[PDB]
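Inspection log for the structure reproduced underneath, given as structure tokens.
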Protein chains: 2
Amino acid sequence: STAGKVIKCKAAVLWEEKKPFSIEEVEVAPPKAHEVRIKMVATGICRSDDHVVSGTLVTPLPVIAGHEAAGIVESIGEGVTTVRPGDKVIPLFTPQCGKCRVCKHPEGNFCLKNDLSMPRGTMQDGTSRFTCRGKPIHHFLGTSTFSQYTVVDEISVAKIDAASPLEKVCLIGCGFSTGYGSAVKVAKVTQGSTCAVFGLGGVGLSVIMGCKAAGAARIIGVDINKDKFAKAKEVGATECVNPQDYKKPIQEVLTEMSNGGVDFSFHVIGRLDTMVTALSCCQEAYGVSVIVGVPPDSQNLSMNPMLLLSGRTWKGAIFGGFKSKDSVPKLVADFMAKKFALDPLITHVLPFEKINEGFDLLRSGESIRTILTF
Amino acid sequence: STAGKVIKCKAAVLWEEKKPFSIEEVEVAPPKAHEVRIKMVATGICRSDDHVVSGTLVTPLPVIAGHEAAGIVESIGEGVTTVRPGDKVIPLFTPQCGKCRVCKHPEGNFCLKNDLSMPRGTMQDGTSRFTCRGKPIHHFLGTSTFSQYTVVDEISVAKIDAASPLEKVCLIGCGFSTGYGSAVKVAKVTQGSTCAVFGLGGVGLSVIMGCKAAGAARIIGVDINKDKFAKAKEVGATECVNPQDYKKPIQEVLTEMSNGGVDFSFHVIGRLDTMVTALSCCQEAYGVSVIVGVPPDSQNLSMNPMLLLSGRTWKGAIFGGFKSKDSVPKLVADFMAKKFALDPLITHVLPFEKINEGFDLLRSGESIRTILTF
Ligand SMILES: CC(C)(COP(=O)(O)OP(=O)(O)OC[C@H]1O[C@@H](n2cnc3c(N)ncnc32)[C@H](O)[C@@H]1O)[C@@H](O)C(=O)NCCC(=O)NCCS
Ligand SMILES: CC(C)(COP(=O)(O)OP(=O)(O)OC[C@H]1O[C@@H](n2cnc3c(N)ncnc32)[C@H](O)[C@@H]1O)[C@@H](O)C(=O)NCCC(=O)NCCS
Ligand SMILES: [Zn+2]
Ligand SMILES: [Zn+2]
Ligand SMILES: [Zn+2]
Ligand SMILES: [Zn+2]
């Protein structure tokens, strides 16, 4: 019915920074060559979406935000070969073009067609598929999932198992994969190792799941909020520490606990002043520290490079280091085989039209993840 | 034979900071259990030795410095099994005890018995083998090579090829191995890659040698002293750039030269304000930057963690990442098999008693390496 025609639907438009989302009637254009229009099924609310609201993730406004989601293909443009109408799909906020120097590299995943480094808020062709009362609305990270229908470039969508429960596997689009890959792909946590995870939100919980899957002997969760500890232990933490409970700095506490430093540390907080702590607690000769979270308006930190000169490695990644289009379908197949659970991450489910309530849950710290259902 | 008896010989004692070396008659005690007394044949003058003079590498004084050297075993203490009198040896400023968690780790080489982290200036047993008119003199890094005879712990000496030229292979004791391993061991430079080397002293030249050995397609030398360029190009640099020649910051120049960043970058200068440049010039998704050189009085550097979040790796090492006792003999065997050259690193040779003239050459920037011969 709808192929080749404009669809009128509802979307959450952000007209201006520091305002609530507005549920608007929007027009969604049909897909052009190598583009895919998706009926959204479920979308998560992630911190990066809230950073758009706060104006600390700078991207052009007005905008349809949302980047962690799952849906069903409504139609495909000319030349699309990797998905068909009816297929379940996850939009990829980190694309996989397959052609740039990063996509061709065995260890790179931050494809040069991404819209995260210098956001333009468009499709790959420099235009938008959304209007509201005639006014063009920007895309966000090539995804724009806070809409009943979106249009994405082929390089920014993966086909997934037809039997997938979309209201769970949407987390594979951002938070789960970010944390899980930080452990299994970026750090390559080893069997028998000791890990420290700084921050026990949904992404840090996913980091734990990854360390556990990799066979870590010890997984030390670190959070200032002791309410986060029970879920951390449920998904794999062997122990949890609150820096506020100790009369010395937590890097010293962790180095003592680990008999001279941990094998792997992960920084999973949108804060600067915890990053050098996380680096320093790994063993000085062979420890590895991974940066997963950063504040959005990120300033410089202060550190002593002798922390690296002894043999430490410090690295980060986007999207868990996973080549996105190769990996997302594989992560879904693993979920279907019960290799990991997503239910512990999902604290709240709301209809889409309650998007503002979902953000209020995020800002208050009450949610791990809220999933919006269309 | 001198075995089992005190040796009276000459050594260069540093009595106080910021003074010339004094050539003194010293008494060298015989080796105790698990110790080895070595007749020095040649010793290099390295920047770290001069930092001892400056008072910026803190180690107890008075001291016999010197850590890059080669000699012949004069005698062995009780229980020594890995060297015999008459053997050619290189003292190891980074020990290999073989027992600590680092020695046991596949990737670690900064053995916990080292005297670099918190120098005490003694033998492993907490005592000294040196006296100068009855006054005890400190050891340096468990080596003290600025003496006609020294005593070292067995975990700080390696047996090398009986046929090796000691006046060349002494470089394997610090400068050569540091730069070469930074490339082949720490960074693991790949065939066809683009490397950037910051600092074209002896260690930066050895980095270049390692990158060439690894099959790098482009090796960009960076130095503020253009007199260092010709030798850099002799040993493998494809081009050299002087930051003083450019209006833009050199990370921008190098990113443009390399069409979006280099594969590997190396920081080989005792200065802080070049380290973030070196990290930033590597490709943002898969670039690796290695810290080889640091200033001794090292303060905190300012950096933005967003440089790592895109996928860059930042790491450092001591002694090129080589497990020292395992690797030094193999490096000497490679040299004897003509797998690399050391002559390009040796710019000056002086008799030992002209040590202060050798430090003048280092301080002025005139030398790459001076070797002292006994
Ligand atoms: C932080 C990231 C990974 C989101 O993680 P997550 O959703 O788990 O964050 P969340 O705020 O819910 O959790 C953070 C946790 O840190 C804890 N925390 C806060 N301060 C501290 C502290 N001083 N010590 C320990 N824990 C702390 C909080 O109590 C909380 O439990 C994300 O926002 C981020 O920064 N990503 C960077 C990469 C990126 O921008 N990718 C683009 C797509 S999102
Ligand atoms: C710097 C190290 C590696 C010694 O290297 P090397 O002998 O090659 O040093 P050297 O001073 O000769 O050369 C440094 C070169 O940097 C160049 N340089 C100086 N400033 C700049 C600049 N702004 N940009 C580019 N090049 C510069 C100099 O002109 C010089 O050619 C060493 O001192 C060090 O810091 N090692 C750290 C590890 C350690 O302490 N190990 C213990 C045993 S040494
Ligand atoms: Zn790409
Ligand atoms: Zn996200
Ligand atoms: Zn050891
Ligand atoms: Zn040295």
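Residue numbering restarts at 1 in every chain; chains get A, B, ... in the order shown in the structure tokens, and ligands count up from 1 in that same order.
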
Please identify all polymer residues within 8 Å of range 225-236 of chain B, counting only C-alpha atoms, omitting same-chain residues fewer than 2 positions from it, and present them as a ChimeraX atom specification. /B:200-201,205,208-209,212,219,221,223,238-240,242,344

Keeping only C-alpha atoms, write the selected residues as a tab-separated table (two decimals), in the first residue's frame.
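Output file again.tsv follows:
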chain	number	residue	atom	x	y	z
B	200	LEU	CA	65.37	11.25	15.72
B	201	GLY	CA	67.97	10.55	18.37
B	205	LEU	CA	66.57	5.93	14.74
B	208	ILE	CA	62.86	3.68	12.32
B	209	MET	CA	65.02	0.59	11.87
B	212	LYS	CA	61.62	-0.65	8.13
B	219	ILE	CA	58.20	6.29	7.78
B	221	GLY	CA	60.63	11.41	10.92
B	223	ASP	CA	62.56	16.51	14.67
B	238	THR	CA	61.02	8.18	3.70
B	239	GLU	CA	60.65	11.81	4.62
B	240	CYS	CA	61.45	14.19	7.48
B	242	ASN	CA	60.59	19.96	11.10
B	344	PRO	CA	74.66	4.11	12.17

Got a sec to check which residues lie within 8 Å of ligand 2, using only C-alpha atoms and all ligand atoms, and send them as a VMD selection string? (chain A and resid 309) or (chain B and resid 46 to 49 67 93 116 174 to 175 178 to 179 198 to 205 222 to 225 228 242 to 243 268 to 271 273 to 274 292 to 296 317 to 319 362 365 367 to 369)

Taking only C-alpha atoms into account, report as a PDB file with N, CA, C and O atoms, in the first residue's frame which residues of chain B lie within 8 Å of chain A.
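Result went into iface.pdb, see below:
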ATOM      1  N   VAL B 102      54.684 -10.353  36.568  1.00  0.00           N
ATOM      2  CA  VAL B 102      54.997  -9.730  35.298  1.00  0.00           C
ATOM      3  C   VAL B 102      55.842 -10.692  34.456  1.00  0.00           C
ATOM      4  O   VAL B 102      55.584 -10.920  33.280  1.00  0.00           O
ATOM      5  N   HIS B 105      53.765 -13.231  32.947  1.00  0.00           N
ATOM      6  CA  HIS B 105      52.745 -12.810  32.006  1.00  0.00           C
ATOM      7  C   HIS B 105      53.309 -12.830  30.578  1.00  0.00           C
ATOM      8  O   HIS B 105      54.412 -12.390  30.370  1.00  0.00           O
ATOM      9  N   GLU B 107      52.824 -10.862  28.096  1.00  0.00           N
ATOM     10  CA  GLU B 107      53.025  -9.526  27.541  1.00  0.00           C
ATOM     11  C   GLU B 107      53.847  -8.612  28.429  1.00  0.00           C
ATOM     12  O   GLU B 107      54.136  -7.509  28.067  1.00  0.00           O
ATOM     13  N   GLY B 108      54.163  -9.020  29.617  1.00  0.00           N
ATOM     14  CA  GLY B 108      54.786  -8.091  30.557  1.00  0.00           C
ATOM     15  C   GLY B 108      56.268  -8.212  30.484  1.00  0.00           C
ATOM     16  O   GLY B 108      56.770  -9.244  30.263  1.00  0.00           O
ATOM     17  N   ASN B 109      56.986  -7.128  30.661  1.00  0.00           N
ATOM     18  CA  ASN B 109      58.440  -7.209  30.782  1.00  0.00           C
ATOM     19  C   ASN B 109      59.003  -6.357  31.903  1.00  0.00           C
ATOM     20  O   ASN B 109      60.173  -6.523  32.200  1.00  0.00           O
ATOM     21  N   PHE B 110      58.271  -5.453  32.572  1.00  0.00           N
ATOM     22  CA  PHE B 110      58.771  -4.566  33.606  1.00  0.00           C
ATOM     23  C   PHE B 110      58.733  -5.342  34.925  1.00  0.00           C
ATOM     24  O   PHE B 110      57.848  -5.162  35.781  1.00  0.00           O
ATOM     25  N   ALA B 285      40.341   5.835  14.248  1.00  0.00           N
ATOM     26  CA  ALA B 285      39.637   4.556  14.477  1.00  0.00           C
ATOM     27  C   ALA B 285      40.529   3.355  14.787  1.00  0.00           C
ATOM     28  O   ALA B 285      40.118   2.439  15.501  1.00  0.00           O
ATOM     29  N   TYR B 286      41.769   3.340  14.294  1.00  0.00           N
ATOM     30  CA  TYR B 286      42.605   2.163  14.437  1.00  0.00           C
ATOM     31  C   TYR B 286      44.093   2.454  14.629  1.00  0.00           C
ATOM     32  O   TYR B 286      44.909   1.552  14.743  1.00  0.00           O
ATOM     33  N   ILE B 291      54.326   5.455  23.496  1.00  0.00           N
ATOM     34  CA  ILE B 291      55.202   6.320  24.281  1.00  0.00           C
ATOM     35  C   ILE B 291      56.516   5.548  24.537  1.00  0.00           C
ATOM     36  O   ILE B 291      56.527   4.504  25.160  1.00  0.00           O
ATOM     37  N   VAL B 292      57.616   6.117  24.050  1.00  0.00           N
ATOM     38  CA  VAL B 292      58.942   5.551  24.223  1.00  0.00           C
ATOM     39  C   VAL B 292      59.771   6.396  25.171  1.00  0.00           C
ATOM     40  O   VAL B 292      60.515   5.907  26.009  1.00  0.00           O
ATOM     41  N   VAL B 294      59.903  10.010  27.775  1.00  0.00           N
ATOM     42  CA  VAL B 294      59.187  10.933  28.652  1.00  0.00           C
ATOM     43  C   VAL B 294      60.222  11.839  29.319  1.00  0.00           C
ATOM     44  O   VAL B 294      61.390  11.487  29.468  1.00  0.00           O
ATOM     45  N   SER B 298      58.452  14.285  35.399  1.00  0.00           N
ATOM     46  CA  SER B 298      57.279  14.297  34.531  1.00  0.00           C
ATOM     47  C   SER B 298      56.054  14.719  35.308  1.00  0.00           C
ATOM     48  O   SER B 298      55.720  14.152  36.341  1.00  0.00           O
ATOM     49  N   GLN B 299      55.412  15.735  34.766  1.00  0.00           N
ATOM     50  CA  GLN B 299      54.257  16.330  35.362  1.00  0.00           C
ATOM     51  C   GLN B 299      53.131  15.696  34.610  1.00  0.00           C
ATOM     52  O   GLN B 299      53.337  14.738  33.828  1.00  0.00           O
ATOM     53  N   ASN B 300      51.948  16.197  34.876  1.00  0.00           N
ATOM     54  CA  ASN B 300      50.769  15.810  34.140  1.00  0.00           C
ATOM     55  C   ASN B 300      50.642  16.550  32.786  1.00  0.00           C
ATOM     56  O   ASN B 300      50.960  17.716  32.651  1.00  0.00           O
ATOM     57  N   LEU B 301      50.206  15.823  31.800  1.00  0.00           N
ATOM     58  CA  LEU B 301      49.868  16.326  30.495  1.00  0.00           C
ATOM     59  C   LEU B 301      48.368  16.487  30.469  1.00  0.00           C
ATOM     60  O   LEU B 301      47.669  15.813  31.211  1.00  0.00           O
ATOM     61  N   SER B 302      47.914  17.369  29.583  1.00  0.00           N
ATOM     62  CA  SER B 302      46.500  17.645  29.345  1.00  0.00           C
ATOM     63  C   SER B 302      46.112  16.956  28.032  1.00  0.00           C
ATOM     64  O   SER B 302      46.776  17.141  27.017  1.00  0.00           O
ATOM     65  N   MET B 303      45.086  16.130  28.066  1.00  0.00           N
ATOM     66  CA  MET B 303      44.591  15.500  26.861  1.00  0.00           C
ATOM     67  C   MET B 303      43.096  15.273  26.894  1.00  0.00           C
ATOM     68  O   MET B 303      42.517  15.199  27.947  1.00  0.00           O
ATOM     69  N   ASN B 304      42.502  15.119  25.711  1.00  0.00           N
ATOM     70  CA  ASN B 304      41.082  14.924  25.575  1.00  0.00           C
ATOM     71  C   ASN B 304      40.833  13.455  25.313  1.00  0.00           C
ATOM     72  O   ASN B 304      41.307  12.891  24.328  1.00  0.00           O
ATOM     73  N   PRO B 305      40.035  12.804  26.185  1.00  0.00           N
ATOM     74  CA  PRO B 305      39.777  11.385  26.045  1.00  0.00           C
ATOM     75  C   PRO B 305      38.982  11.032  24.822  1.00  0.00           C
ATOM     76  O   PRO B 305      38.991   9.852  24.419  1.00  0.00           O
ATOM     77  N   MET B 306      38.376  12.023  24.175  1.00  0.00           N
ATOM     78  CA  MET B 306      37.746  11.752  22.894  1.00  0.00           C
ATOM     79  C   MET B 306      38.714  11.267  21.830  1.00  0.00           C
ATOM     80  O   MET B 306      38.316  10.540  20.921  1.00  0.00           O
ATOM     81  N   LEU B 308      40.820   8.868  22.294  1.00  0.00           N
ATOM     82  CA  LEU B 308      40.809   7.467  22.414  1.00  0.00           C
ATOM     83  C   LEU B 308      39.415   6.798  22.122  1.00  0.00           C
ATOM     84  O   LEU B 308      39.356   5.655  21.648  1.00  0.00           O
ATOM     85  N   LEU B 309      38.327   7.506  22.391  1.00  0.00           N
ATOM     86  CA  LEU B 309      36.991   6.938  22.268  1.00  0.00           C
ATOM     87  C   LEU B 309      36.709   6.498  20.811  1.00  0.00           C
ATOM     88  O   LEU B 309      35.992   5.543  20.616  1.00  0.00           O
ATOM     89  N   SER B 310      37.266   7.214  19.826  1.00  0.00           N
ATOM     90  CA  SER B 310      37.076   6.824  18.432  1.00  0.00           C
ATOM     91  C   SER B 310      37.702   5.478  18.022  1.00  0.00           C
ATOM     92  O   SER B 310      37.321   4.870  17.040  1.00  0.00           O
ATOM     93  N   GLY B 311      38.676   5.014  18.838  1.00  0.00           N
ATOM     94  CA  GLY B 311      39.312   3.758  18.615  1.00  0.00           C
ATOM     95  C   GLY B 311      40.834   3.749  18.697  1.00  0.00           C
ATOM     96  O   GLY B 311      41.414   2.710  18.561  1.00  0.00           O
ATOM     97  N   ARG B 312      41.458   4.877  18.921  1.00  0.00           N
ATOM     98  CA  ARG B 312      42.924   4.923  19.070  1.00  0.00           C
ATOM     99  C   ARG B 312      43.368   4.133  20.314  1.00  0.00           C
ATOM    100  O   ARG B 312      42.625   4.006  21.294  1.00  0.00           O
ATOM    101  N   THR B 313      44.574   3.610  20.209  1.00  0.00           N
ATOM    102  CA  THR B 313      45.277   2.947  21.307  1.00  0.00           C
ATOM    103  C   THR B 313      46.501   3.740  21.700  1.00  0.00           C
ATOM    104  O   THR B 313      47.248   4.171  20.810  1.00  0.00           O
ATOM    105  N   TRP B 314      46.672   3.959  23.007  1.00  0.00           N
ATOM    106  CA  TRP B 314      47.830   4.690  23.559  1.00  0.00           C
ATOM    107  C   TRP B 314      48.537   3.777  24.540  1.00  0.00           C
ATOM    108  O   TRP B 314      47.894   3.283  25.450  1.00  0.00           O
ATOM    109  N   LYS B 315      49.805   3.505  24.332  1.00  0.00           N
ATOM    110  CA  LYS B 315      50.482   2.556  25.214  1.00  0.00           C
ATOM    111  C   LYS B 315      51.940   2.953  25.313  1.00  0.00           C
ATOM    112  O   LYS B 315      52.424   3.786  24.533  1.00  0.00           O
ATOM    113  N   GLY B 316      52.640   2.379  26.257  1.00  0.00           N
ATOM    114  CA  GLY B 316      54.050   2.680  26.419  1.00  0.00           C
ATOM    115  C   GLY B 316      54.729   1.404  26.883  1.00  0.00           C
ATOM    116  O   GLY B 316      54.110   0.353  27.142  1.00  0.00           O
ATOM    117  N   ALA B 317      56.042   1.520  26.994  1.00  0.00           N
ATOM    118  CA  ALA B 317      56.833   0.385  27.475  1.00  0.00           C
ATOM    119  C   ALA B 317      58.229   0.881  27.878  1.00  0.00           C
ATOM    120  O   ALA B 317      58.709   1.913  27.399  1.00  0.00           O
ATOM    121  N   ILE B 318      58.865   0.037  28.689  1.00  0.00           N
ATOM    122  CA  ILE B 318      60.286   0.182  29.012  1.00  0.00           C
ATOM    123  C   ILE B 318      61.003  -0.906  28.216  1.00  0.00           C
ATOM    124  O   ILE B 318      60.554  -2.071  28.017  1.00  0.00           O
ATOM    125  N   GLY B 321      59.576  -3.308  25.340  1.00  0.00           N
ATOM    126  CA  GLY B 321      58.676  -4.413  25.650  1.00  0.00           C
ATOM    127  C   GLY B 321      59.297  -5.816  25.776  1.00  0.00           C
ATOM    128  O   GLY B 321      58.602  -6.763  26.034  1.00  0.00           O
TER     129      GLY B 321
END

Selection: 10 Å around residue 33 in chain A, only C-alpha atoms, excl. self and same-chain fewer than 6 positions, as a list in words: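 The residues satisfying every condition are residues 76, 77, 78, 79, 80, 153 and 154 of chain A.
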
Limited to N, CA, C and O atoms, could you put the picked residues into a file as a PDB file, in the first residue's frame?
ATOM      1  N   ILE A  76      11.948  -0.638   0.285  1.00  0.00           N
ATOM      2  CA  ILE A  76      13.364  -0.407  -0.054  1.00  0.00           C
ATOM      3  C   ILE A  76      13.458   0.393  -1.344  1.00  0.00           C
ATOM      4  O   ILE A  76      12.606   0.261  -2.249  1.00  0.00           O
ATOM      5  N   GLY A  77      14.483   1.219  -1.422  1.00  0.00           N
ATOM      6  CA  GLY A  77      14.758   1.979  -2.624  1.00  0.00           C
ATOM      7  C   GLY A  77      15.473   1.144  -3.667  1.00  0.00           C
ATOM      8  O   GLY A  77      15.829   0.010  -3.420  1.00  0.00           O
ATOM      9  N   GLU A  78      15.659   1.740  -4.830  1.00  0.00           N
ATOM     10  CA  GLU A  78      16.385   1.120  -5.896  1.00  0.00           C
ATOM     11  C   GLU A  78      17.786   0.674  -5.439  1.00  0.00           C
ATOM     12  O   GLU A  78      18.490   1.405  -4.746  1.00  0.00           O
ATOM     13  N   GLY A  79      18.132  -0.564  -5.763  1.00  0.00           N
ATOM     14  CA  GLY A  79      19.511  -0.998  -5.629  1.00  0.00           C
ATOM     15  C   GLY A  79      19.817  -1.626  -4.295  1.00  0.00           C
ATOM     16  O   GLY A  79      20.908  -2.158  -4.107  1.00  0.00           O
ATOM     17  N   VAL A  80      18.856  -1.577  -3.362  1.00  0.00           N
ATOM     18  CA  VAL A  80      19.036  -2.254  -2.072  1.00  0.00           C
ATOM     19  C   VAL A  80      19.094  -3.791  -2.259  1.00  0.00           C
ATOM     20  O   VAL A  80      18.235  -4.416  -2.924  1.00  0.00           O
ATOM     21  N   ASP A 153      19.999   4.913   5.329  1.00  0.00           N
ATOM     22  CA  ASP A 153      20.860   4.389   4.288  1.00  0.00           C
ATOM     23  C   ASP A 153      21.095   2.907   4.499  1.00  0.00           C
ATOM     24  O   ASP A 153      21.159   2.414   5.625  1.00  0.00           O
ATOM     25  N   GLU A 154      21.268   2.189   3.404  1.00  0.00           N
ATOM     26  CA  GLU A 154      21.467   0.737   3.432  1.00  0.00           C
ATOM     27  C   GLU A 154      22.677   0.369   4.334  1.00  0.00           C
ATOM     28  O   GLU A 154      22.638  -0.681   5.018  1.00  0.00           O
TER      29      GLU A 154
END

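The closest residue to ligand 4, picked from A:171, A:361, A:337, A:345 and counting only C-alpha atoms and all ligand atoms, is A:171.
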
Contacts of residue 159 in chain A at 6 Å or less, counting only C-alpha atoms, minus same-chain residues fewer than 6 places along, as an MDAnalysis selection string? chainID A and resid 83 88:89

Please produce an output containing C-alpha atoms for each residue in the selection, written as a PDB file, in the first residue's frame.
ATOM      1  CA  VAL A  83      17.196  -6.324   3.295  1.00  0.00           C
ATOM      2  CA  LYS A  88      13.233  -7.344  11.012  1.00  0.00           C
ATOM      3  CA  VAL A  89      16.099  -4.872  11.219  1.00  0.00           C
TER       4      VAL A  89
END

Near residue 196 in chain B, counting only C-alpha atoms, which residues have an atom at most 9 Å away, once you skip same-chain residues fewer than 2 positions from it, shown as a list in words?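 Those residues are residues 194, 198, 208, 218, 219, 220, 221, 222, 254, 262, 263, 264, 265, 266, 267, 278, 281 and 282 of chain B.
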
Residue subset to file, keeping N, CA, C and O atoms, as a compact mmCIF listing (two decimals), in the first residue's frame:
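Saved to part_20.txt:
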# COMPACT_ATOMS: atom_id res chain seq x y z
N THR B 194 51.99 3.16 7.48
CA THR B 194 52.58 4.48 7.56
C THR B 194 52.88 4.74 9.02
O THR B 194 51.99 4.65 9.88
N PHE B 198 58.55 10.61 16.33
CA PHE B 198 58.80 11.93 16.93
C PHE B 198 60.08 11.78 17.74
O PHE B 198 60.11 11.13 18.77
N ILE B 208 62.92 3.67 13.75
CA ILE B 208 62.86 3.68 12.32
C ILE B 208 63.36 2.34 11.75
O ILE B 208 62.77 1.72 10.88
N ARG B 218 55.86 3.80 4.56
CA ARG B 218 56.19 5.21 4.80
C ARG B 218 56.57 5.35 6.25
O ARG B 218 55.92 4.83 7.16
N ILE B 219 57.69 6.01 6.44
CA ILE B 219 58.20 6.29 7.78
C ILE B 219 58.62 7.78 7.87
O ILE B 219 59.59 8.21 7.24
N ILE B 220 57.79 8.57 8.52
CA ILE B 220 57.92 10.00 8.61
C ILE B 220 58.65 10.39 9.88
O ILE B 220 58.13 10.20 10.98
N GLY B 221 59.89 10.86 9.74
CA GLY B 221 60.63 11.41 10.92
C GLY B 221 60.30 12.83 11.24
O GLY B 221 60.17 13.65 10.31
N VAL B 222 60.17 13.16 12.53
CA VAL B 222 59.84 14.49 12.99
C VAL B 222 60.88 14.90 14.00
O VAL B 222 61.10 14.18 14.99
N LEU B 254 50.57 16.13 9.54
CA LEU B 254 50.72 14.69 9.37
C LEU B 254 49.44 13.95 9.00
O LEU B 254 49.47 12.96 8.27
N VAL B 262 48.11 8.43 10.55
CA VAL B 262 49.06 7.36 10.36
C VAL B 262 48.64 6.07 11.07
O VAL B 262 47.74 6.13 11.99
N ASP B 263 49.20 4.92 10.68
CA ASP B 263 48.94 3.67 11.40
C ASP B 263 49.57 3.60 12.74
O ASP B 263 48.94 3.10 13.70
N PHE B 264 50.82 4.09 12.83
CA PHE B 264 51.59 3.96 14.08
C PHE B 264 52.34 5.22 14.27
O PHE B 264 53.03 5.67 13.37
N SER B 265 52.32 5.69 15.48
CA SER B 265 53.16 6.83 15.87
C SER B 265 53.94 6.55 17.14
O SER B 265 53.50 5.74 17.99
N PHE B 266 55.11 7.17 17.23
CA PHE B 266 56.06 6.88 18.29
C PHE B 266 56.51 8.21 18.90
O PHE B 266 57.05 9.06 18.19
N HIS B 267 56.46 8.32 20.22
CA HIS B 267 56.87 9.53 20.93
C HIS B 267 58.21 9.25 21.59
O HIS B 267 58.25 8.51 22.59
N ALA B 278 51.61 13.48 19.03
CA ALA B 278 51.88 12.17 18.53
C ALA B 278 50.64 11.25 18.54
O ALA B 278 50.39 10.55 17.60
N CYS B 281 47.97 12.43 15.74
CA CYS B 281 48.26 12.18 14.31
C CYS B 281 48.00 10.76 13.79
O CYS B 281 48.09 10.49 12.59
N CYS B 282 47.69 9.81 14.72
CA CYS B 282 47.38 8.47 14.24
C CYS B 282 45.85 8.40 13.91
O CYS B 282 45.05 9.21 14.43
